[PDB]
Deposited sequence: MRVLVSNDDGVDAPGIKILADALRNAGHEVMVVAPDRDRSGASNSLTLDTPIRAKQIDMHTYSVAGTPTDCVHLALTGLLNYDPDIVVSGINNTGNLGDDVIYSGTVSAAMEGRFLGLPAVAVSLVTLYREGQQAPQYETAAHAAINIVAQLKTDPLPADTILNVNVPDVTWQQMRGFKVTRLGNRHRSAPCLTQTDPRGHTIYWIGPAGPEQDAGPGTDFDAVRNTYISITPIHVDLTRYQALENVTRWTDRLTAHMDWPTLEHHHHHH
């Protein structure tokens, strides 16, 4: 019904506009609070030391000079007289798979969605390489997810990290629940030289042994399956608390 929409690529990004329109046409009351620019490369932390400017484009659309987390946080703490029951973050220009999820700005917005007691979904479009972006397919996926969460909503302890293959909806195989992978386990750092002659290092590409087998988000988007990874909102490993306590007591 009521959806708060944000992203990483900025408010002028085509990914979020198509998503907002798709949700508008789906009968959902949208609410866009997005960064002023593509802040992919800056921290995702809440801006606490400095105040944040929030210019409004039009109704239901606010531009925010700050991190995606700042967007969502402000949007739910006084910036808006709006009470959404779900936060949809996206649609990101690229994909968010494996280790790229923890530091993802798109995911960080959704991460801020749960911290304030709201179900959240991070939607990304796995694009590589001439071609045309399929944000409509990713949006069409989103409008079905939000609708399915209306009937029987998933537990208030996780968010959905959704990644969409950059293709058409007919070519799309379907949906699969996947776990996060690990692309750069055996990434062998290559050493080349700049024109100046100094030594520069490249982070190695996907090695022979990489965590991208079946059941991982990498595999799903590889075989044209819209990946859905339920990820933690609490980094605390509660199943390790029992062991570390004994370890700490022997150290205390």
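- In sequence order, the gaps in C-alpha coverage of the deposited chain fall at 130 to 132, 256 to 270.
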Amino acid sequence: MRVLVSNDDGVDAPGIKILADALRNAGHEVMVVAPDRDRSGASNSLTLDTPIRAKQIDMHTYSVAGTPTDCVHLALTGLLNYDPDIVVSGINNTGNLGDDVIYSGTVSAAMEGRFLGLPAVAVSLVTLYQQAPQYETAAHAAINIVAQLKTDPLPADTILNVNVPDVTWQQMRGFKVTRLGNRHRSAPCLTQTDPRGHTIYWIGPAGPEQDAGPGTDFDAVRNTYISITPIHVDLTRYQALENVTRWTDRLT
From here on, numbers count along this sequence of modelled residues.
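- Omission of residue 130 is seen in a third or more of the other entries compared for this protein where the adjacent residues are built.
- As the entry records it, the average C-alpha temperature factor is higher for 80 to 88, out of 80 to 88 and 98 to 106.
- The mean C-alpha temperature factor is higher for 202 to 210 when 202 to 210 and 30 to 38 are set side by side.
- Taking only the listed residues 125, 132, 111, 147, the entry reports the highest CA temperature factor at 132.
- When the Cα B-factors of 226, 64, 187, 48 are read from the PDB record, 187 comes out highest.
- When the modelled residues of the chain are ordered by their C-alpha B factor, residue 156 lands in the highest third.
- Residue 137: CA B factor in the middle third of modelled residues in this chain (values from the PDB entry).
- The PDB entry assigns residue 191 a C-alpha temperature factor belonging to the middle third of its chain's modelled residues.
- The deposited CA B-factor of residue 59 belongs to the highest third of values across its chain.
- When the CA B factors of the chain's modelled residues are split into thirds, the value for residue 231 lands in the lowest one.
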